[PDB]
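Each chain, letter by letter, is given below.
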Amino acid sequence: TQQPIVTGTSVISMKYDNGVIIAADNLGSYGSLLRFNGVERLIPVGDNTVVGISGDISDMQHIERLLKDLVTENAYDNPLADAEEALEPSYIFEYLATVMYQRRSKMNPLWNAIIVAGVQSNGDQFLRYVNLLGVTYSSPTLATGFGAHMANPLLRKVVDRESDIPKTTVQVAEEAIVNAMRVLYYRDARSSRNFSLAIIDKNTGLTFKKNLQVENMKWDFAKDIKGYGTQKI
Amino acid sequence: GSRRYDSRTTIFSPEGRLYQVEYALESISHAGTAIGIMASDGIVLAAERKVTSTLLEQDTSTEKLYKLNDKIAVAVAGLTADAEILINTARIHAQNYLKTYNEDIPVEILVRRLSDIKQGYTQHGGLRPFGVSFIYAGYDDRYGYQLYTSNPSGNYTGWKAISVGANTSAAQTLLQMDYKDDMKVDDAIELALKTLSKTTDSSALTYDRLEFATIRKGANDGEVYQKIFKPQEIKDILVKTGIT
Amino acid sequence: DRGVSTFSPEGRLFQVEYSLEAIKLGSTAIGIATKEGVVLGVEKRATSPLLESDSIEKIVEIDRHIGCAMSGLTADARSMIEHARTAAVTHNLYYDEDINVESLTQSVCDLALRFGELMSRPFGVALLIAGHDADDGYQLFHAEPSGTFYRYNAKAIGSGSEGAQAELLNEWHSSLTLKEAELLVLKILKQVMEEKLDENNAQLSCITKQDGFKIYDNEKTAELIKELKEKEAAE
Amino acid sequence: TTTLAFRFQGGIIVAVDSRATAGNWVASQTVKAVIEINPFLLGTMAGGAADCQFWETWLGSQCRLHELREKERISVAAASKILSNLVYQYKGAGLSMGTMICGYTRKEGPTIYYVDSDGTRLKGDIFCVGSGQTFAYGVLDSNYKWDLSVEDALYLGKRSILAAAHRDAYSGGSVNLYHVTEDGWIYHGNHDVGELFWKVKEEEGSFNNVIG
Amino acid sequence: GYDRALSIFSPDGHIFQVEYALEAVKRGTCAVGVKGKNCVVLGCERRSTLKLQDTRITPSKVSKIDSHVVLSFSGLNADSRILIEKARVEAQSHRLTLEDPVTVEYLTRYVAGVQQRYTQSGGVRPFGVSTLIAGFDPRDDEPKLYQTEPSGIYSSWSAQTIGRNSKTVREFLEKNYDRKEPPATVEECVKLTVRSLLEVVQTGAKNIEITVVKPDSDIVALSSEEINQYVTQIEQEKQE
Amino acid sequence: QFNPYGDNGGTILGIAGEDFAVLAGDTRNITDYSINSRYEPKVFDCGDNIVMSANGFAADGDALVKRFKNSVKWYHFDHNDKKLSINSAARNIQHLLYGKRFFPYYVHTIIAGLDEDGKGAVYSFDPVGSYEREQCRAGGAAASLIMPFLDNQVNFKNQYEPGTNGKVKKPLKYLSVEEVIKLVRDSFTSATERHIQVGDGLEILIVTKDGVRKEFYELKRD
Amino acid sequence: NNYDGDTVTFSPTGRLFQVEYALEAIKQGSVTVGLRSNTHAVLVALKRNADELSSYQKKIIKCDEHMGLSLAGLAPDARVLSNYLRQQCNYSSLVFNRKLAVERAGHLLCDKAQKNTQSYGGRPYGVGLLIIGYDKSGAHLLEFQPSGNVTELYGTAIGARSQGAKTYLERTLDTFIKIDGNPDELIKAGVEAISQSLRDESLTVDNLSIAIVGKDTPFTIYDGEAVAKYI
Amino acid sequence: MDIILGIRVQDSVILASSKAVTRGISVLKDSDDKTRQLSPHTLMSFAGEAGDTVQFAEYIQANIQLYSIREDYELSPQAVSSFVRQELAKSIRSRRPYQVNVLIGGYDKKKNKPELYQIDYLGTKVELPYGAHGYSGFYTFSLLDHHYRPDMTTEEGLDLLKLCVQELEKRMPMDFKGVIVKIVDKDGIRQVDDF
Ligand SMILES: *[C@@H](O)[C@H](CC(C)C)NC(=O)[C@H](CC(C)C)NC(=O)[C@H](CC(C)C)NC(=O)OCc1ccccc1
Ligand SMILES: [Mg+2]
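Residues numbered from 1 in each chain as written, not as in the entry; some residues may be left out. Chains lettered and ligands numbered in written order. Part of a larger assembly, values for the part shown. Heavy atoms only, no water.

Per the deposited record, determination of this structure is attributed to X-ray crystallography, with the resolution reported as 2.80 Å.

Structure (structure tokens):
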């Protein structure tokens, strides 16, 4: 049993017709202090998987090392390591999910919430969640922390059920994700303007975008707001 | 591997004997003779030190007679170092019993415990047995004065008079001849010294080549006293009995 | 000296092959499997007339649906029986059912090769494990100290085994009744035994679906012996 | 839960209710608070459902192993003590059990042992265990005799559970009856309280406070 | 720990260490067991090479395992103490858990099991001891007599002997013991046991120990004079 | 302080027919007032014509199902591909649950299938392994809403034959698979209305001698 | 000679005799054949009986839905190694949701057997195994030796008189590799291959044991009247 | 359990122990014997937490019976009491201590003297002319302080014991369902069947 110290906030994601999108801001908070402003919380595994992690950063860096070690270990005595016997999203997830549930069962958890986004060998979209309790679930849209409360509602308007996935293009999906990140910057007190975004497409592969910023913000209406009720000046 | 160098200390011969036990008994047969004699009013322990020197500090020396508690003592025959390992274990066992039951340990129970330890080294562990034979002289309120002996096999037996170490065959015959049931301590002292004087491999029996002890009820009223004899006291009892 | 788990130049484990020689010195045990049941029989072989023969226990119950006969160093069998009984009862606890005869036999055979430098040597006893289950019906197995087990329609182990096995070769057919099997075990035991066969120096047993495993009384076996004598004198 | 067991001329009567609860929620009305360990041994179940079920079916495995090894039926004393020694090992860990181990052997005769998760093991003629135990005791103590017929004893046990089922909120559902004799136990049916109550009221003239 | 496999098979299918343990039993002093109609008697040889012995305190050959069961032996004396101690502990353990004393058969099965375990365990040698275990089951008047040996096999006997010159006394018992009519009384049973030892013992003085066990925990050891009277009567009838 | 348990909501229902058995469960997964997934399967085909669901804390539920599926696999290896009977599966699950008596799987487990006589069977478990064969059982969040309805409409409790006035009960006539699925659908529709953790979708697994069939029905998404 | 007392001792020519003696146990064992095409992989095994009253010793063991082996030598040692494979296949599924590669299964068997050849006290395994399987890279056949050596092959045979079947497969190499989408013909080739190792005895209904795994075919074993079709 | 008393007179030791067993609201039994014979001339009564009491008593009983068989000799009451104390003194610093208080009444055949030892669950031993555990002593010690003599007969000891039980039945709130009385003297242990 511990308490989280340096933490990372929401990770949001969704499926679209040819793949999956995932995003997360670059902040490492220390309570109310916005301490570290250059933290990458999306960690790619091969060219077909991206693991997005929220919660305790020291535990994230541990998990990051496990995944790095996993790639090394899979390559051992494996001539098809860059082909048929490469790491799949489903393999990487199940491994993490196993570790998370084992750690909760020893009463010494990895204080995180994780989303594994990727594309399988057969072109199928993969998107599944796991957390410190070992709880797992899948959905067309997935989000952690504040994203669960604010992003999911917005992303579910685009993809409300399974049948809406083929009807959703990559441009429409990315637009929805970027909008959701803006909303979280408006409303999450532990978010940053700077973020990273990753797309895994079955045709165009893995596209990793860094140093993105929330733009087209609405603040002008603030000038008209005066007092808390009766005040006019 | 290591099997190549294993002597296998705990095995039977084709005849059904324990090799190492038999050879340990052969070792003990070269050790200085120790005699125990039980009388109606006490017990005597007499033992011969092995070829000493004039430069040996006798008054501070102890190789034969050891104190286990206030009521029980032992005479040693064999490897002294092996005996001290067992003696310290026996001293502890007596104290454990005293702590548990708040009574002094009965002689036989102490003897059985040490004998069981010896037995273990002949059945398991792959280690050599203790090359030691004891004569236990002790007193308790159940059986009174008691003499026991134990050997490397872990077998023990009770005695009226007994010898261990060198020339036991000759010594046992002499004891069997002169011993009587109504005998007293002063008489038993004389018998013990006379037996050693005849069985000894030395030219003459002197005070500096002996260790001597008595367990007497000759203590003021109903209680038992252990007396480990000093060099000058062994010299006096040798003159008294008419050996020197 | 040499390792306990050493291979010979022919590719056999020395200790396992030597334990098989001890089993050849053991008293005879015979088993016959039929569609009406399985019969188990043993030679008691008392070393002296003062020895109370009914105390010789070479046929043993493992469960209600599984019995067992032994041959060789019979003292070694006690821990094997204990394990078998535990395995049978434990499986019933875990699965609320009877355990398959083959699965029980496999569990016993797993102990066999657990020796080295675990126990210090292989078992010096062979077992005939007979029973019934719903899947494979009436069965008879031969469990060795090699860890190997063969299923048999009929089998003999012990000092008179190869002579008895040759006799079982001719006599066994797929339409044998239980009564016919009982007499057949008695016939072959009487053939290979040193002393004259009677109810005191030989013991019968059977396992049926209805009644389960039963060791026969000396009075019941005595009648089957008398029935045997008459039918052999009939031609 | 309400369970009882008593010794008499014709052996032992064992009677239990059938209700299981999770707080005020009635989880089940059809539970077997009695387990048949063997044709001669019965065990009652009170307290934790799982604890009682698990360790009493385990007890049956141990009793079966005993008679395999010893070629003889296990005594009620030995069987009860296996269970009591087991739960004593787990004392402090949180097991919740109140059981009667009932049986008949030649050497002992009809015997009942109360076994408890606290480690208590008591031999006795009459026992009532469970949240409704006090209600059952009232009927039993006023009507108990050694010289009871199997028919009359069965009814007394049935009636005693009914008394508890009525008053105790955590007792009810149905009544399971067992009769244990020299030749083993004999099941005497499941009796729904919803039908039994009105039947007993009419025939016996009791329960005049209730209207029907 | 010392794990060396001392008890192993040989090419001819023999375990020599177990067989050499039997040779140690052959060396041991003779022990005999005879059961009558309502009793069992255990006879034991004391070798008279050891005089000047204190017979009060010297370990007796027959040992009580419980108040209703006794154990005598032939072989290594030190080894026997270990089996006797284990047996005594198991007897009290059985009373504690089963609430009933051990049967003679159960106690024998335990001791035999211990002996077997020492024939296929690493780092240990077999016990150089064979035992005779006798007594009466709780609330039972049928006499019980069992034998064990280093290999671990055990069995029940109407009458049996073990130790040195046991071949001779077994020869005597086989012709003199009738199964249809066993020694009806204590006198007859003790007499037959003393007779059987007199075939081997030498002098009938302090060389014969007798212990009579009767039902309901009635165990007594005969004295020198009591045994001497049997010795006197046997030889006076023999002078004819 | 770290809390190793959670509550993922959901509700399950098992009904045993004369020659069939059904095991139903909603597809909604939740924490507190949020929805995790609108379609997260909860009832699983475990092989040997057995279906299973472990409702409550999903991590413990997934772990248990995973371990039982594993138990079936090894039962085949160890016992010559023998079919695992429903009663034997039930006893095996008891030992899985009680094995963690002092750190329990926080789940309500239900299994369904056919017994060895071919008749429909449902078994119900508590979190620490106590089990019992039943004709009817609902488990999970809305179990308190559903079970009374099933006592009334499956076992005809408190129902009597008109004209007799309480003297003669309604006879316990057997229900068909079509009749049972109607009761299941109505049970979950009613539960969805009054329980916030129930909704989104309903997945039913039907078990017959012919095998395991699936049926899916939409539920309200509010 | 002086260097065959235990497995921890090299001979003066650098040989390990205990390992070689373990290899000898395989040669005494009954013949078994393995072969594969691009779509399917087949095991064929000649089972051996003790006598006419006895059953025929089983030769083939299933490890997973997509993998299994046939044995030749000490059967209990095959049970130990097949149990290890079952666990490793199972660990791969439970932890990584991944079917164990046949090549990696061979690597694990090699390393397990090796430890027994370099340590004092233990002994080498006295059995040879033929592992077949269908994974993400298609059909596979492996040959395991208790020296530790594992080899991937198109076809092979181990046991007594196995050289006859091995030569036949060496001739037929170009034919049977092309048998794609036709299980019965691939088995026919395997049955014809094992027939080259027979003397005196012939393939009967309770003598023959066949196993197959492929693209849309789980590892299944055929015995009894199920193989009468191929006799 | 509840009340256990002890008194040492001229030639014997008398132990009285309640018959009731109360598990919560109900009295489950009214004929319970809260004692075990350790040896022919040594008796131990006990009271404490449920389960632990019987488990401890039977454990001690087994150990003393083992000693008796091994040595063919009966341990003195003083020796038995010391063994029991050590077990409790060991127990108090265990993971889960034995919550048991005992009285040990014995007749020493060597000294021809009765002996009564009082030991609590901590391992606190005292030899006494009369003793008690729990709330029993609060009522009974004042009567015993007044009436007791070292030269009393067994019959006088029983009469003084009746006066103690009568006071307990009058002033104690719990119904302990009377007592089972047992006498320990030179001839062994016997139960007074009418009290
Ligand atoms: C009456 O005593 C009855 C006897 C059994 C034979 C049914 N016991 C109960 O009713 C008992 C009530 C006690 C615990 C207050 N109920 C249970 O044990 C109960 C059984 C289920 C089937 C309802 N289980 C229970 O309450 O949950 C155990 C649990 C709950 C939550 C987390 C972990 C464990
Ligand atoms: Mg809803």
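Asker: Please explain the overall build of chain E as it appears in this structure.
Answerer: The helix and strand inventory of chain E stands at six helices and ten strands. By the compact-globule yardstick of 18 Å for 240 residues, chain E fits well, its C-alpha radius of gyration being 18 Å. Here the analysis covers contacts within chain E between residues at least 6 apart in sequence; of these, 67% occur between residues at least 24 apart. Counting every atom, chain E has about 9,700 Å² of accessible surface; 46% of that belongs to carbon and sulfur. (Helix = DSSP H or I, 4+ residues; strand = E, 2+ residues; numbered from the N terminus. Rg over C-alpha atoms; globule rule 2.2 N^0.38 Å. Contact = heavy atoms within 4.5 Å. Areas by Shrake-Rupley, 256 points an atom, 1.4 Å probe, with all protein chains shown as cover.)

Asker: Before we go on, may I ask you to explain the interface of chain F and chain A in this structure?
Answerer: Interface size is often expressed as the accessible area that is lost when the parts come together. On the side of chain A, 22 residues touch chain F, which itself brings 26 residues to the contact. Between chain F and chain A the total buried area reaches about 1,900 Å² when both faces are included, carbon and sulfur atoms providing 48% of it. Counting the contacts that link chain F with chain A gives five salt bridges. A salt bridge links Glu94 of chain A to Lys66 of chain F, with the shortest nitrogen-to-oxygen separation between them at 2.7 Å. (Buried area = accessible area lost by both parts, 1.4 Å probe. Salt bridge = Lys/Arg side-chain N within 4 Å of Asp/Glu carboxyl O.)

Asker: Can you walk me through the packing of aromatic side chains in this structure?
Answerer: Working definition: an aromatic ring pair is given by the centre-to-centre distance plus the angle between the planes. Across all of its chains, the model carries 45 aromatic pairs over all chains by this definition. Plain terms: the ring middles of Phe134 of chain B and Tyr136 of chain B are 5.6 Å apart, the flat faces sit at 50° to each other, and that makes the pair tilted. Judged by relative accessible area, which is 1%, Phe134 of chain B ranks as buried. Measuring from centroid to centroid gives 5.2 Å for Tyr95 of chain C and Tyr75 of chain F, while their planes differ by 55°, and the two rings are tilted. Here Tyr95 of chain C is found in helix 2 (residues 77-95), whereas its partner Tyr75 of chain F is found in helix 1 (residues 58-78) on a different chain. Following the ring pairs from residue to residue traces out a cluster consisting of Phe54, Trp55, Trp58 and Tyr90 of chain D together with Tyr98 and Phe102 of chain F. Residue placement shows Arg96 of chain H over the ring face of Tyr88 of chain D; its charged tip is 5.2 Å from the ring centre. (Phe/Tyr/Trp six-rings, centres within 6.5 Å; stacked < 30°, edge-to-face > 60°. Buried < 20%, exposed > 50% of the residue type's maximum accessible area, 1.4 Å probe, protein only. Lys NZ or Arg CZ within 6 Å of the ring centre and 35° of its normal.)

Asker: Any chance you could explain the sheet that holds strand 6 (residues 41-44) of chain D here in plain terms?
Answerer: Note: strands within a sheet are paired through backbone hydrogen bonds, in either parallel or antiparallel orientation. Residues and elements named next belong to chain D. Across the sheet, which stays open at both edges, the five strands sit in the order 5-6-7-8-9 with antiparallel pairing between neighbours. Two strands bound the open sheet, and with one partner strand each, they are strand 5 (34-38) and strand 9 (121-123). The average undirected angle you get between the axes of adjacent strands in this sheet is 20°. For strand 5 and strand 6, the ladder comprises four bridges, and the chain directions are antiparallel. Across the sheet, the residue bridging to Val34 is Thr44, located in strand 6. On the sheet, helix 1 (residues 49-70) packs against strand 5, strand 6 and strand 7 (98-105) and is oriented at approximately 15° with respect to strand 5. Of the strands in this sheet, strand 6, strand 7, strand 8 (109-116) and strand 9 are in contact with helix 2 (residues 76-89), which crosses strand 8 at around 5°. (Pairing = 2+ DSSP bridges. Axes fitted to C-alpha atoms, helices over the stretch in contact; angles between N-to-C directions.)

Asker: For this particular structure, what's the right way to read helix 4 (residues 162-176) of chain G?
Answerer: An α-helical turn contains 3.6 residues, so any two residues separated by three or four positions project in the same direction. Residue and element names in this part refer to chain G. Here helix 4 contains 15 residues, and its C-alpha end-to-end distance of 18 Å is more than 12% below the 21 Å for a straight helix at 1.5 Å per residue. Along helix 4, the largest kink reaches about 45° and is centred on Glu170. Along helix 4, the positions that sit buried rather than exposed are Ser162, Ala165, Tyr168, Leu169, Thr172 and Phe176. For helix 4, the elements touching its buried residues are strand 1 (32-36), strand 8 (155-158) and helix 5 (183-194). (Expected span 1.5 Å × (residues − 1). Bend = angle between axes of the 7 residues up to and from the residue.)

Asker: For this particular structure, what's the right way to read the packing of helix 2 of chain D against helix 2 (residues 77-98) of chain E?
Answerer: Two measures define how a pair of helices packs: the angle their axes make with one another and the distance between the axes. Between helix 2 of chain D and helix 2 of chain E, the shortest axis-to-axis distance is 8 Å and the interhelical angle comes to 95°. The angle between the axes of helix 2 of chain D and helix 2 of chain E places the two elements in the roughly perpendicular class. On helix 2 of chain E, the residues touching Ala78, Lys81 and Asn85 of chain D of helix 2 of chain D are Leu96, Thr97 and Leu98 of chain E. In terms of residue class, the contact of helix 2 of chain D with helix 2 of chain E is built from three nonpolar, two polar and one charged. (Parallel < 35°, antiparallel > 145°, perpendicular 65-115°, else oblique. Nonpolar A, V, L, I, M, F, W, Y, C, P; charged D, E, K, R; others polar.)

Asker: Please clarify how a nonpolar patch on the surface should be interpreted in this entry.
Answerer: All names here are of chain A. Taken together, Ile5, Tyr30 and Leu33 make up a surface patch of nonpolar side chains, about 280 Å² in accessible area. You can see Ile5 is positioned in the segment before strand 1 (6-8). Relative accessible area serves as the criterion here: at 42%, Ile5 is assigned to the partly exposed category. (Patch = residues over 30% accessible without salt bridge, like charges linked within 9 Å, V, L, I, M, F, W, Y side chains within 5 Å.)

Asker: Explain the site of ligand 1 to me, please; I cannot follow it from the model alone.
Answerer: In the region of ligand 1, 13 residues are neighbours, and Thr1, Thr21, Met45, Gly47 and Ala49 of chain D sit closest. Chains contributing residues to the immediate surroundings of ligand 1 are chains D and F. Contacts to ligand 1 include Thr1 of chain D, whose side-chain N or O atom sits 2.4 Å from an oxygen atom. In this structure, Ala49 of chain D approaches ligand 1 through a main-chain N or O atom, which is 3.1 Å from an oxygen atom. Protein chains bury 64% of the 780 Å² of accessible surface belonging to ligand 1 in isolation. (Near = heavy atom within 4 Å. Polar contact = N/O pair within 3.5 Å; in protein donor to acceptor, adjacent residues only side chain to side chain.)

Asker: Would you explain the pattern of salt bridges in this entry?
Answerer: Close approach of charged atoms allows side chains of opposite charge to pair. Within this structure, the stated rule accounts for 91 salt bridges over all chains. Ionic pairing is found between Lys187 of chain C and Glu171 of chain C, a salt bridge with its closest N-O pair at 3.8 Å. Of this pair, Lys187 of chain C sits in helix 5 (residues 178-192) while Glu171 of chain C sits in helix 4 (residues 161-171), placing them 16 residues apart in sequence. The class for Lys187 of chain C is buried, based on a relative accessible area of 19%. The exposure class of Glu171 of chain C is partly exposed, given its relative accessible area of 29%. Between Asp54 of chain E and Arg56 of chain E there is a salt bridge; the shortest N-O distance is 3.0 Å.

Asker: Could you clarify how one ought to interpret unusual backbone geometry in this entry?
Answerer: Look at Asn165 of chain E: it is not a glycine, yet its phi comes out positive at around 60°. With respect to the helices, strands and loops of the structure, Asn165 of chain E is situated in the loop between strand 8 (159-162) and helix 4 (166-176). Note on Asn165 of chain E: relative accessible area 46%, which makes it partly exposed. Phi angles above zero are rare outside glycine, and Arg161 of chain G is one such case at about 60°. Structurally, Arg161 of chain G can be placed in the loop between strand 8 and helix 4.

Asker: Just to check I follow, could you spell out the interface of chain B and chain E for this structure?
Answerer: At the junction of the two partners, chain B supplies 40 residues and chain E supplies 31 residues. When chain B packs against chain E, close to 3,000 Å² is buried across both sides, 56% of that on carbon and sulfur atoms. Of all residues in chain B, the largest losses of buried area upon contact with chain E belong to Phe12, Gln123 and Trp159 of chain B, amounting jointly to 23% of the total for that side. Between chain B and chain E we count two salt bridges in total. Notably, a salt bridge pairs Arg4 of chain E with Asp6 of chain B, separated by 3.1 Å at the nearest N-O pair.

Asker: When you look at helix 4 (residues 150-167) of chain D in this model, what are you seeing that I'm missing?
Answerer: Residue and element names in this part refer to chain D. When the terminal C-alpha atoms of helix 4 are compared, their 26 Å separation across 18 residues agrees well with the 26 Å that a helix rising 1.5 Å per residue should span. For helix 4, the complete set of buried residues consists of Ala153, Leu154, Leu156, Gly157, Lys158, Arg159, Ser160, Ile161, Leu162, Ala163, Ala164 and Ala165. In this structure, the buried residues of helix 4 make contact with strand 1 (2-8), strand 2 (11-16), helix 3 (133-143), strand 11 (174-181), strand 12 (184-192) and helix 5 (193-204).

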